[PDB]
There are 2 protein chains.
Amino acid sequence: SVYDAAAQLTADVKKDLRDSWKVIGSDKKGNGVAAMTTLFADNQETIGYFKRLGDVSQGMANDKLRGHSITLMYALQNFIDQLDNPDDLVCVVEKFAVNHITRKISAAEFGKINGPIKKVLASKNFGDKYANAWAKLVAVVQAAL
Amino acid sequence: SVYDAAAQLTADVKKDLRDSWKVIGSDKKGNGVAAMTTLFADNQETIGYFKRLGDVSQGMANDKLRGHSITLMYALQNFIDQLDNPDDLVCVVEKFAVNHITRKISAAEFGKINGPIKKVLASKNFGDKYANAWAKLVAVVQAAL
Ligand code: HEM
Ligand code: HEM
């Protein structure tokens, strides 16, 4: 359950999420687009869910993809800001899940974002310990789908 | 259209938006809920769009309403952060409008949020000058609906 998954965010996990976000979240447009382009490159099967975005290979030059990418980063910002209060983190995660559930995005499908995040982190010199921390946060969302 | 509305965001308007957000955005949960409960109190008919939230009379204590309220504030955070680049502001505003268009929320209906925002600003001692600035930001979104 989402309530049990949120309890998995231990002290050190929260600290690593914050320290890495301080860097990653500093360039929401660049890192957001990088995450999406990587998702579409490593998992082409997901492109179907984003038909409204148009030609996703244009990257930064595609206004719709750019708008979506920047916006995606503010959801992560939201999650990070709620780490201090589990009750708030949970209500924000379930709120976030509503539209993804409507789109029939499964926990397994959502988990495909882990790869892209790990690569963005690595490009900023954040290794496996950080990727694992982020996978735990993604797991809270997966529990709500 | 959205670009033209964005043109009404002059240097002084952006300055007042940023200065007031520095305060309003510092308590997203508190001010987000205040805005929503004020919307429901002054325009009860808008509750028709929020059946999923349940008993909105519970206010802050309602987890779904609290989740939505906090999340609403990150959309404004996004807008404020993109003020210095019209190209990014416009793509984020058009991205934001998509789900609201699907919900059949007209520009006139969306405009009902102006009163609640004006009241939230006044609670922090930000007068008409600031309320007018925010109405102009809301107008940019209205142009996309
Ligand atoms: C870290 C992971 C992710 C974050 C933070 C995220 C964030 C968001 C946000 C904030 C929105 C806009 C609000 C909404 O409509 O719900 C959105 C839209 C969307 N998301 Fe997610 N998302 C993530 C991963 C995914 C994945 C893995 C998929 C599909 C495999 C997905 C598919 C969608 C779709 C199709 C839209 C609508 C795109 C459009 O037409 O503009 N998301 N997401
Ligand atoms: C400055 C004003 C507003 C902001 C920043 C805002 C922000 C948001 C955000 C970020 C979401 C979540 C993503 C999505 O599903 O689109 C959302 C959802 C929603 N918004 Fe807006 N919104 C605003 C005003 C309004 C107004 C005035 C209405 C209707 C009178 C409205 C009705 C909705 C509804 C029904 C949802 C889904 C609620 C749920 O079931 O969780 N919004 N809005």
# chains A, B, ... in the order shown; residues from 1 in each chain; ligands from 1
>>> residues_near_ligand(ligand="ligand 2", cutoff="7 Å", atoms="only C-alpha atoms and all ligand atoms", output="PDB file with N, CA and C atoms, in the first residue's frame")
ATOM      1  N   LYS A  95      -2.989  12.127  -5.244  1.00  0.00           N
ATOM      2  CA  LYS A  95      -3.553  13.160  -6.111  1.00  0.00           C
ATOM      3  C   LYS A  95      -2.885  13.063  -7.487  1.00  0.00           C
ATOM      4  N   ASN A  99      -4.670  11.056 -12.567  1.00  0.00           N
ATOM      5  CA  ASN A  99      -4.595  11.157 -14.021  1.00  0.00           C
ATOM      6  C   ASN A  99      -3.794  10.040 -14.673  1.00  0.00           C
TER       7      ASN A  99
ATOM      8  N   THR B  46     -18.944  26.076  -7.908  1.00  0.00           N
ATOM      9  CA  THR B  46     -17.719  25.449  -8.401  1.00  0.00           C
ATOM     10  C   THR B  46     -17.450  24.083  -7.767  1.00  0.00           C
ATOM     11  N   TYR B  49     -17.481  20.723  -9.782  1.00  0.00           N
ATOM     12  CA  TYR B  49     -16.331  20.167 -10.498  1.00  0.00           C
ATOM     13  C   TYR B  49     -15.463  19.277  -9.618  1.00  0.00           C
ATOM     14  N   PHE B  50     -15.674  19.343  -8.308  1.00  0.00           N
ATOM     15  CA  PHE B  50     -14.839  18.591  -7.373  1.00  0.00           C
ATOM     16  C   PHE B  50     -15.488  17.452  -6.602  1.00  0.00           C
ATOM     17  N   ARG B  52     -15.009  14.374  -6.781  1.00  0.00           N
ATOM     18  CA  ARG B  52     -14.007  13.392  -6.371  1.00  0.00           C
ATOM     19  C   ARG B  52     -13.350  13.698  -5.026  1.00  0.00           C
ATOM     20  N   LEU B  53     -13.280  14.973  -4.657  1.00  0.00           N
ATOM     21  CA  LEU B  53     -12.640  15.344  -3.398  1.00  0.00           C
ATOM     22  C   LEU B  53     -13.448  14.971  -2.153  1.00  0.00           C
ATOM     23  N   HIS B  68      -4.893  18.212  -3.376  1.00  0.00           N
ATOM     24  CA  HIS B  68      -5.160  19.046  -4.543  1.00  0.00           C
ATOM     25  C   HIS B  68      -4.664  20.475  -4.329  1.00  0.00           C
ATOM     26  N   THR B  71      -0.853  20.780  -4.550  1.00  0.00           N
ATOM     27  CA  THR B  71      -0.486  20.583  -5.947  1.00  0.00           C
ATOM     28  C   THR B  71      -0.799  21.809  -6.803  1.00  0.00           C
ATOM     29  N   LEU B  72      -1.927  22.450  -6.526  1.00  0.00           N
ATOM     30  CA  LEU B  72      -2.314  23.647  -7.265  1.00  0.00           C
ATOM     31  C   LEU B  72      -1.215  24.709  -7.171  1.00  0.00           C
ATOM     32  N   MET B  73      -0.620  24.838  -5.987  1.00  0.00           N
ATOM     33  CA  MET B  73       0.429  25.832  -5.755  1.00  0.00           C
ATOM     34  C   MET B  73       1.717  25.590  -6.544  1.00  0.00           C
ATOM     35  N   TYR B  74       1.960  24.351  -6.971  1.00  0.00           N
ATOM     36  CA  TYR B  74       3.163  24.071  -7.753  1.00  0.00           C
ATOM     37  C   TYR B  74       2.983  24.443  -9.220  1.00  0.00           C
ATOM     38  N   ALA B  75       1.736  24.646  -9.629  1.00  0.00           N
ATOM     39  CA  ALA B  75       1.467  25.077 -10.994  1.00  0.00           C
ATOM     40  C   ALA B  75       1.812  26.565 -11.023  1.00  0.00           C
ATOM     41  N   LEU B  76       1.456  27.273  -9.953  1.00  0.00           N
ATOM     42  CA  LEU B  76       1.747  28.701  -9.868  1.00  0.00           C
ATOM     43  C   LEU B  76       3.252  28.909  -9.709  1.00  0.00           C
ATOM     44  N   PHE B  96      -0.607  23.211 -19.126  1.00  0.00           N
ATOM     45  CA  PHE B  96      -1.506  23.291 -17.981  1.00  0.00           C
ATOM     46  C   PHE B  96      -2.986  23.314 -18.379  1.00  0.00           C
ATOM     47  N   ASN B  99      -5.766  19.651 -19.462  1.00  0.00           N
ATOM     48  CA  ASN B  99      -6.721  18.955 -18.600  1.00  0.00           C
ATOM     49  C   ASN B  99      -7.915  19.812 -18.209  1.00  0.00           C
ATOM     50  N   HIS B 100      -7.709  21.120 -18.105  1.00  0.00           N
ATOM     51  CA  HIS B 100      -8.811  21.996 -17.742  1.00  0.00           C
ATOM     52  C   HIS B 100      -9.781  22.170 -18.913  1.00  0.00           C
ATOM     53  N   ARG B 103     -11.964  19.206 -18.970  1.00  0.00           N
ATOM     54  CA  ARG B 103     -12.968  19.262 -17.912  1.00  0.00           C
ATOM     55  C   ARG B 103     -14.083  20.238 -18.244  1.00  0.00           C
ATOM     56  N   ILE B 105     -13.873  23.564 -18.499  1.00  0.00           N
ATOM     57  CA  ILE B 105     -13.796  24.743 -17.643  1.00  0.00           C
ATOM     58  C   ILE B 105     -13.509  25.930 -18.555  1.00  0.00           C
ATOM     59  N   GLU B 109     -15.283  30.728 -16.081  1.00  0.00           N
ATOM     60  CA  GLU B 109     -15.346  29.893 -14.889  1.00  0.00           C
ATOM     61  C   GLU B 109     -13.997  29.937 -14.166  1.00  0.00           C
ATOM     62  N   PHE B 110     -12.918  29.801 -14.929  1.00  0.00           N
ATOM     63  CA  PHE B 110     -11.568  29.818 -14.368  1.00  0.00           C
ATOM     64  C   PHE B 110     -11.310  31.147 -13.665  1.00  0.00           C
ATOM     65  N   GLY B 111     -11.857  32.222 -14.227  1.00  0.00           N
ATOM     66  CA  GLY B 111     -11.675  33.545 -13.653  1.00  0.00           C
ATOM     67  C   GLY B 111     -12.223  33.721 -12.249  1.00  0.00           C
ATOM     68  N   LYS B 112     -13.051  32.783 -11.798  1.00  0.00           N
ATOM     69  CA  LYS B 112     -13.617  32.876 -10.460  1.00  0.00           C
ATOM     70  C   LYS B 112     -12.537  32.728  -9.387  1.00  0.00           C
ATOM     71  N   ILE B 113     -11.350  32.283  -9.791  1.00  0.00           N
ATOM     72  CA  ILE B 113     -10.247  32.104  -8.851  1.00  0.00           C
ATOM     73  C   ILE B 113      -9.629  33.450  -8.442  1.00  0.00           C
ATOM     74  N   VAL B 138      -3.489  35.285 -14.339  1.00  0.00           N
ATOM     75  CA  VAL B 138      -4.636  34.416 -14.560  1.00  0.00           C
ATOM     76  C   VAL B 138      -5.172  34.629 -15.983  1.00  0.00           C
TER      77      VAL B 138
END
>>> interface_residues(of="chain B", to="chain A", cutoff="6 Å", atoms="only C-alpha atoms", output="NGL selection string")
:B and (63 or 67 or 91-92 or 95)
>>> select_by_dssp(residues="region 13-137 of chain B", states="helix (DSSP H, G or I)", output="VMD selection string")
chain B and resid 13 to 24 28 to 42 44 to 53 56 to 61 63 to 81 86 to 102 107 to 123 128 to 137
>>> residues_around(residues="residue 132 (chain A)", least_positions_apart="4", cutoff="10 Å", atoms="only C-alpha atoms", output="list in words")
residues 13, 16, 17, 114, 118, 127, 128, 136, 137 and 138 of chain A
>>> write_last_selection(atoms="N, CA and C atoms", output="short mmCIF file (atom, residue, chain, number, x, y, z; two decimals), in the first residue's frame")
data_model
loop_
_atom_site.label_atom_id
_atom_site.label_comp_id
_atom_site.auth_asym_id
_atom_site.auth_seq_id
_atom_site.Cartn_x
_atom_site.Cartn_y
_atom_site.Cartn_z
N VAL A 13 17.65 7.94 3.10
CA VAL A 13 17.07 7.99 1.77
C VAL A 13 16.58 9.42 1.49
N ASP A 16 19.55 11.73 0.84
CA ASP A 16 20.14 11.57 -0.49
C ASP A 16 19.23 12.15 -1.58
N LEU A 17 17.92 12.08 -1.36
CA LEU A 17 16.99 12.64 -2.33
C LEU A 17 17.16 14.15 -2.36
N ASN A 114 12.67 4.94 -14.02
CA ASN A 114 13.86 4.73 -13.19
C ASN A 114 15.15 4.80 -14.00
N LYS A 118 18.18 7.50 -13.41
CA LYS A 118 19.51 7.02 -13.07
C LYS A 118 20.55 7.65 -14.00
N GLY A 127 25.99 8.57 -8.26
CA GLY A 127 25.95 7.15 -8.54
C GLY A 127 24.76 6.34 -8.07
N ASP A 128 24.98 5.03 -8.00
CA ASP A 128 23.97 4.06 -7.60
C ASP A 128 23.23 4.31 -6.29
N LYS A 136 13.20 4.36 -4.72
CA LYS A 136 12.34 4.19 -3.56
C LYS A 136 11.20 5.21 -3.57
N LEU A 137 11.48 6.42 -4.05
CA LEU A 137 10.46 7.46 -4.12
C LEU A 137 9.48 7.09 -5.22
N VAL A 138 10.01 6.62 -6.34
CA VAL A 138 9.16 6.21 -7.46
C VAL A 138 8.26 5.06 -7.01
#
>>> closest_residue(among="A:7, A:51, A:33, A:24", to="ligand 1", atoms="only C-alpha atoms and all ligand atoms")
A:51
>>> atom_distance(atom1="CA of residue 116 (chain A)", atom2="atom 22 (N, counted along the ligand's line) of ligand 1")
12.1 Å
>>> atom_distance(atom1="CA of residue 134 (chain A)", atom2="atom 4 (C, counted along the ligand's line) of ligand 1")
12.1 Å
>>> atom_distance(atom1="CA of residue 121 (chain B)", atom2="CA of residue 58 (chain B)")
22.7 Å
